[PDB]
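Here's the letter readout for the chains.
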Amino acid sequence: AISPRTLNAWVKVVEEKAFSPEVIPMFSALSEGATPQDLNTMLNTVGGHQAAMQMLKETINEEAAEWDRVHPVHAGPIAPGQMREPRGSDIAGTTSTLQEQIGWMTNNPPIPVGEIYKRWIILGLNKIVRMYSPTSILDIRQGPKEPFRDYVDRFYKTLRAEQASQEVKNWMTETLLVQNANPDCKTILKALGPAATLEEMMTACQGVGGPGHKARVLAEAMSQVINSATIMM
Amino acid sequence: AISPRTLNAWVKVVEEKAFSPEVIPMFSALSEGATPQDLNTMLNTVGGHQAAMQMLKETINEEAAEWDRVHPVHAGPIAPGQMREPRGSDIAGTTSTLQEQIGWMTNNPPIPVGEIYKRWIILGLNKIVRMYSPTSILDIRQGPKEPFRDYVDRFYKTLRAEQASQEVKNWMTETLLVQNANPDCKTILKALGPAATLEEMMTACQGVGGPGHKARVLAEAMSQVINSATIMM
Amino acid sequence: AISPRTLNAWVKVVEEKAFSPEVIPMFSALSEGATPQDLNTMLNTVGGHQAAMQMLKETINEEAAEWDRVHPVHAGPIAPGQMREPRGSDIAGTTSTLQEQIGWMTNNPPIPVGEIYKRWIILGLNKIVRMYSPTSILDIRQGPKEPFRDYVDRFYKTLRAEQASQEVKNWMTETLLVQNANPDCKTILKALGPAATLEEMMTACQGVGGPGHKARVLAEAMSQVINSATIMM
Amino acid sequence: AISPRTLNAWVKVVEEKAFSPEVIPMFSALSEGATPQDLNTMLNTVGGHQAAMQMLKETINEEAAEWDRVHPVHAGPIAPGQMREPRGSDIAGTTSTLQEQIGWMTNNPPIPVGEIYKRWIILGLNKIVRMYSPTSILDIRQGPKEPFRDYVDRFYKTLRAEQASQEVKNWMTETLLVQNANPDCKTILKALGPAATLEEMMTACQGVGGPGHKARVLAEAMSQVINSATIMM
Amino acid sequence: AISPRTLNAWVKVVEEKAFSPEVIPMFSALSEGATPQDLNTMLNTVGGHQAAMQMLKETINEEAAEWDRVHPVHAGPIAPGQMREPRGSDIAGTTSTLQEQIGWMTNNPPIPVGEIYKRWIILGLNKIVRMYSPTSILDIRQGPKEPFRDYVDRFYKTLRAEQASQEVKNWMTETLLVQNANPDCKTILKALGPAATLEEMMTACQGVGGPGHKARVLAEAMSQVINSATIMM
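Residues numbered from 1 in each chain as written, not as in the entry; some residues may be left out. Chains lettered and ligands numbered in written order. Part of a larger assembly, values for the part shown. Heavy atoms only, no water.

The deposited coordinates derive from cryo-EM, with the record listing a resolution of 4.2 Å.

> Residues and numbers for the overall build of chain A, please.
Broken down by element type, chain A carries 12 helices and zero strands. Traced from its N-terminal end to its C-terminal end, chain A shows the element sequence α-α-α-α-α-α-α-α-α-α-α-α. What you see for chain A is a C-alpha radius of gyration of 29 Å, clearly larger than the 17 Å of a compact globule of 233 residues, by over 25%. The principal-axis extent of the C-alpha atoms belonging to chain A is close to 105 × 35 × 25 Å. In chain A, which comprises 233 residues, the share counted as buried stands at 37%. Sequence separation of at least 24 residues holds for 58% of the intrachain contacts in chain A that already meet a minimum separation of 6. When the accessible surface of chain A is split by element, carbon and sulfur atoms take 58% of a total near 14,100 Å². Across chain A, 22 positive and 25 negative side-chain charges occur, with their mean positions spaced 4 Å apart. (Helix = DSSP H or I, 4+ residues; strand = E, 2+ residues; numbered from the N terminus. Rg over C-alpha atoms; globule rule 2.2 N^0.38 Å. Buried < 20%, exposed > 50% of the residue type's maximum accessible area, 1.4 Å probe, protein only. Contact = heavy atoms within 4.5 Å. Areas by Shrake-Rupley, 256 points an atom, 1.4 Å probe, with all protein chains shown as cover. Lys, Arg positive; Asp, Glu negative; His and termini not counted. Charge placed at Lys NZ, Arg CZ, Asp CG, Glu CD.)

> I'd like a rundown of the pattern of salt bridges, residues and numbers included.
Applying the stated rule across the entire model yields 29 salt bridges over all chains. A salt bridge links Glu16(A) to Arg130(C), with the nearest nitrogen and oxygen atoms 3.0 Å apart. Highlighted residues: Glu16(A) in helix α1 (residues 4-16) and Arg130(C) in helix α7 (residues 113-131), drawn from two different chains. For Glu16(A), a relative accessible area of 22% corresponds to the partly exposed category. (Salt bridge = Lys/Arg side-chain N within 4 Å of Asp/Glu carboxyl O.)

> So what's going on with helix α1 (residues 4-16) of chain C? Which residues, and what values?
The end-to-end C-alpha distance of α1(C), which contains 13 residues, comes to 18 Å, matching closely the 18 Å that a straight helix rising 1.5 Å per residue would cover. Along α1(C), the residues that are buried comprise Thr6(C), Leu7(C), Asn8(C), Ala9(C), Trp10(C), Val11(C) and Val13(C). Against α2 (23-30) and α3 (36-44) of chain C, α7 (113-131) of chain D together with α1 (4-16) of chain E lie the buried residues of α1(C). (Expected span 1.5 Å × (residues − 1).)

> Please give an account of the relation of the copies chain A and chain B that cites residues and values.
With an RMSD of 0.0 Å, the fit of chain A onto chain B corresponds to turning through 180 degrees and sliding 0.1 Å along the axis. Considering both components of the superposition, the chain copies are consistent with a two-fold axis. Looking at the rotation axis and the C-alpha trace of chain A, the residue lying nearest is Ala164(A), at 2.6 Å. The residues that chain A uses at the interface reappear at the interface of chain B in 100% of cases, marking a shared surface. (Least-squares fit on C-alpha atoms.)

> Go over the state of the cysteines with me, naming the residues and quoting the values.
Residue and element names in this part refer to chain A. Across all of its chains, the model carries five disulfides over all chains by this definition. What pairs with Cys185 in a disulfide is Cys205, and their sulfur atoms sit 2.0 Å apart. Sign of the S-S torsion, about 110 degrees for the bond between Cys185 and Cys205, identifies this disulfide as right-handed. Pair noted here: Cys185 is in helix α10 (residues 183-189) and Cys205 is in helix α11 (residues 198-205), with a separation of 20 residues, a long-range link. (Disulfide = S-S within 2.5 Å.)

> Would you mind going over helix α12 (residues 211-229) of chain D in detail, with residue names and values included?
Residues and elements named next belong to chain D. Given a rise of 1.5 Å per residue, 19 residues ought to cover 27 Å, and the 26 Å separating the end C-alpha atoms of α12 matches this to within 8%. Considered for burial, the residues of α12 that qualify are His213, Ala221, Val225 and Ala229. Projected down its long axis, α12 shows its buried positions confined to an angular sector of 170 degrees, all on one face. (Arc of directions from axis to C-beta.)

> Let's hear about the interface of chain A and chain B: which residues, and what values?
Listed as interface residues are 22 residues of chain A and, on the opposing side, 22 residues of chain B. Between chain A and chain B lies a buried interface of about 1,900 Å² when both sides are counted; carbon and sulfur atoms form 64% of it. Counting across the chain A and chain B interface gives zero salt bridges. In this structure, the connection of chain A to chain B is made through two residue pairs in polar contact. (Buried area = accessible area lost by both parts, 1.4 Å probe. Polar contact = N/O pair within 3.5 Å; in protein donor to acceptor, adjacent residues only side chain to side chain.)

Below is the structure:
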């Protein structure tokens, strides 16, 4: 088996870092000579980022289907002993036991089912590294035509998944949320001093995008125009 | 035994949160009916914060000494079977095996050594909650008379332990480090636009605190005084 | 065993590069299927950087303690043959021989003690990669209030460990040492032309920081002030 | 054996990326426990970049020679069975069969010839990573004194090896080729609007470097001089 | 045999220092009483500087030929025992084994083949010390009529072999490359501030040496002449 601190360190590295091309080294290093059951154990222990786990699990099942497609199940009628060759269904450890897993790995010849599963998972992780883009708290920005309340609601929504301590989150919430708004709601949210709370702020920019507010802004632009349309009249 | 995802979730909660008075509930909940060996396993799996682990381990050994002090070791000469009562040395699982641990917990009467160890660890964690103060990246501030280079060196030194992703750290390094300096080095670091790197910044404030710089500042103050010492002359 | 050129190439890569997250790949690649004794051999062959070797050796001994804590030593009374299971003390190859090491690795089942030691060392190297910061000759800068002689003494002190050829070191000594001084000693060291030696330079800035020199500088600042304090009188 | 999709993914990574220090991880990961024949198979499947393949093949043969130099061929007269030890000639799989390869890898003790070949290939790939410099389409620039026609001929010559789709290549051919010419031919190629084809362009700059053209340019420079040599006369 | 740290220290001294007349002492000291096979082992472990290794290997083979020329191979028909005298072919350890090497060195009289090989290698190293000139990064200078791009290409080409750490190389690349150019390209590369990258620099001096640029420079010289050719007209 594998020691719990190894699994914790590996998962620490997976949370701690964004998708990057160097995950495979650390994975192959820590997951050394393990058994397939333990590898799937190591797989489902990842927390969050289930989006990519979708594609990963999919490339696994696809390789499983292809190994099935290459290998025939013809066997018998030998009396039960070393009962079949492995199957793309069980190489991933879905329908087989640790006992059966050992009876594969210590028997001669040692068919390295674990190694094959490792190879597949590496292929998958590579494809993932190519097909992902890490999301942060830093990128979340207000759309140009977007109700401010929904903006804050998405802000907190993704913020709750951010991996940091408490006080970081507080100061984060204080600096970026206001800083990253559109110019339209910023030029009103920032006139009101940075002492009010999210409630007063919400009630402040609640008018943006509406007809009364668009009127106001258009009138201010037109008045600034005509002020000099008439300096010379 | 305990399932690996339980240990990962508990440790996730311990890293993710600062010392707070509510850790004990979650700990007692997850660490339910476990065996002492597993509890110590759950203990040493914590990563970082070894400072408090010092005091924790100490309160454990102190309770162990006191349980020793209360319980006598007189026993025998019964032939080997259920060989002794437990000991403050082994209740913490230092000199006993999982086998011996079971031979304690399933035998009648079930002396709940695990429960006692749980009680001690709870006492300890409580004392820790009282005697700690969480450190952040947010608190690190420049001393009033402090070489700026050492300031940045401590900044990064504690920054490397911060528990967050990559791009957070980058923007962190860009905003707080400059913002949190003393007024003396700030009024020179901030005159130079926020486009230069840490090297140019370092070479800029390298003069602060020195005699040539103290001269400069004193002369500017005195000149501003005398400018009006003489407006009226 | 391992061939000497492999060890030389690996150590070449370790000296040649600063701490970086990609050391583990090359290490696991070169240190392939080796025996634990050879791995420790590969460990102590590193030259310099003993600071991190402290922490590395420590994480090894800690994993060793934990493997001890998990595995019981109960065994016997079988007559001597395959005499015990390995121990966290000897898995690192402290109290065991190459003979005993082989008698572990070629026997059935092959308990891959070497692989386990590899796993531990990888864990350690990773933790090192996180907890280090490479020092260079390039960073060494004069403190703001620092006797120039001690500055040069530290310069050479760390310079002697720099990994380069002779003439590089010479030109290094000529350009950075003077360039990286504080403005106070620079404005005197650089008035004296770049033809004098370290001795004349030392005798030149020997006055900085002292009361006579602070007087001089303060008087020059005050005189420049009063020159225009009186242009208008 | 190895599955074809693994080989395709590995070769995809090798084409897709320039020489970089992280190829070894992915290589060792995918090429796991394989047989030497398969490793050489994986070697010659690389497409293009044969230049470095020269040096790679050379470091392999050199290690082979050295292993020969260390290991004696004395053996016999045992009747044929496990017939010799391997040889630096056949460890690389030149003069041995897959059958003989298996008769090495499954026999006791399993002499890991494949692992040794892996070690050599890793050494080689590392040396390659050090001794290469990736060429692009982006670097190709006109020499200062260079017939424009040869410039375009080299442009296309290396362009045909670029690894991209069709329309990319078209727009590439339209923007960089003209942009990257020398000022001399650019100041004539760019006066003619960007609507003419490569033929008209070729006929345009065909005069550069020649005596008639050098005359023209020298006369224009001299005339611009004398225009003000005489403003004041 | 020889201990690996001895070989590493010797090779450290060989890389670390340029060709100098004092290598022989350290070599003879470390390579003490060794066996010829180990000496050749110590020879091919040198990394880089293969140029001189050519001449070295050549003087070895020449001494080997001469020892052949002096010593006759007549021997026999004694039954196999201490089978021949050594040969200039095998004294260098090309066609002999460590076993045969021992059967030479421990037999009476001990023909010190290793000592003779040592003598030859010393002769060779001496001749090398005379016939070499160390190349540095420091000497690389731009030819007077040389396309700047090729200049940078050679700069990096030899730079990649320099034996130093990362940040040294960076600052090296920043200071010497620009400093060491010809006056012609320097007076344009240095007018553009030291903030642009190698790409902008390349595009800047791409015009040098060409007819348009030679025109420009000649016109500026002639105009400066005529400015005073006419002050007095």
